[PDB]
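Next up is one chain by itself, shown in structure tokens, the form deposited in one PDB entry.
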């Protein structure tokens, strides 16, 4: 197999050619008819990657690859930009001024993907190591063979890919529209924003809270199965989105079956800058708190920084499998998300009880200080996406006698029968927690069959 560079590939020969390239953009493999699936992607390499810079404005130059197949599974799913692809038996032709490579995988063409970073997106999500630095993490057909001579090509191209992604934007300004201008577009457009929040709307859907360089905040529905690599704080490029005129309560982006959400390789200068530039926004939340009903989800809490890396666990697992699943049994501290349906006791004034550390008993302070140290003994009745349909509500405790969750309410425990200031704040907090679309992201510790909230504060 002879590999030619993008800019040098023949336009006349019309013969099948092969090549190694970097993928900077790609649509999700989509069905076109009763028998055809397509996937379009933009590719670049050392010979083709930037337009005549002078009046070009540092605009990225590229070639396009269009893979055809009879089955979805025969096409590549690109979750991240910057990775490499190797194609065999592709035909190059000019399509409206630009070099277009076509490959019928359903016939004799094949592709293979190589991770530019240590691990492929999938391997990162699954915390797996790569077989080797010459193993395709995805490829067409049943087999793929890498010849000794290829090793150099792949290694060099990886080195190039990083220099390129760290030196340029790769996804130039002309390759996407500013969210604050999205309503002016005729049809679909591309986006490049930061994922400020990933809300689990339901069993199979995620709702991303995106914010780009323009500052505008938009929401969009991202299926869990399709895009499992979405992570709050990361910067992604959305390929093909449309402005939803029907959404009145909040700015929404509609995605199509061919739309794609792509992240960037660790070296991406663009991603790096955006991760630092774009800063979390809570305007929508704050504003929504003035409305009796908010069609926007508001995460009321935040866990201690030392847990921001801890994976979440659904209530379903937390209360229905924690005693049967090998993994869940080995842990005592978990992170989860839910919405409070009811708070106990009903009387907010009883949230703080007197505690006798010797008799291990609490008591009402309606009779005053004669009950010992003051502590919070609140019992939350929660529910989440994983248990949305069942006839259950699950108890999550906030018993601060040992210090766990002591600063949850940002209100030091105190006789709520006397301290009006403390009582009012908690009462208000109670209305928020039980208000529709209010969710809690907290870290809990299992103890004698119960879960206690810890390292979690209201914001």
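Only residues modelled in both forms are compared. Numbering follows the first chain given and starts at 1. In this text, rigid core is short for the largest set of C-alphas that superpose within 1.5 Å between two forms.
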Check: If you average the Cα B factors in the entry, which is higher, 181 to 189 or 275 to 283?
Finding: 275 to 283
Next item on the list: Quick one: say whether 25 to 33 or 49 to 57 has the higher mean Cα B-factor in the deposited entry.
Entry: 49 to 57
Margin query: By the CA temperature factor listed in this entry, which of these ranks top: 123, 197, 369, 100?
Written below: 369
Check: In this PDB entry, which of 335, 80, 269, 357 has the top CA B-factor?
Finding: 357
Notebook entry, point to check: Among the chain's modelled residues, which third holds the C-alpha B-factor of residue 290?
Noted result: highest
Next item on the list: Tell me, lowest, middle or highest third: where does the Cα B factor of residue 261 rank within its chain?
Entry: lowest
Item checked: residue 76 by Cα B-factor - lowest, middle or highest third of the modelled chain -> lowest
Check: C-alpha B factor of residue 5, ranked within the chain: lowest, middle or highest third?
Finding: lowest
Margin query: Quick check for you: using the entry's CA B-factors within this chain, is residue 417 in the lowest, middle or highest third?
Written below: middle
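One more form of this protein should be noted, the form deposited in another entry, which is absent from this view; the next part is about it.
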Item checked: Core-superposed comparison between this form and the one not shown: the option from 132, 292, 248, 369 whose CA moves 2 angstroms or more -> 369
Margin query: Is residue 66 displaced by at least 2 Å at its C-alpha between this form and the one not shown when the rigid core is overlaid?
Written below: no
Item checked: Threshold 2 Å Cα movement between this form and the one not shown for residue 56, core superposed -> yes
Notebook entry, point to check: Once you compare with this form, do the C-alpha atoms of residue 55 and residue 267 lie closer or farther in the other entry, given a change of 3 Å or more?
Noted result: closer
Notebook entry, point to check: Versus the form shown, are the CA atoms of residue 56 and residue 96 closer or farther apart in the other entry, given a shift of 3 angstroms or more?
Noted result: farther
Notebook entry, point to check: After a core superposition, which runs of 3 or more consecutive residues shift by at least 2 Å in C-alpha position between this form and the one not shown?
Noted result: 52 to 57, 369 to 371
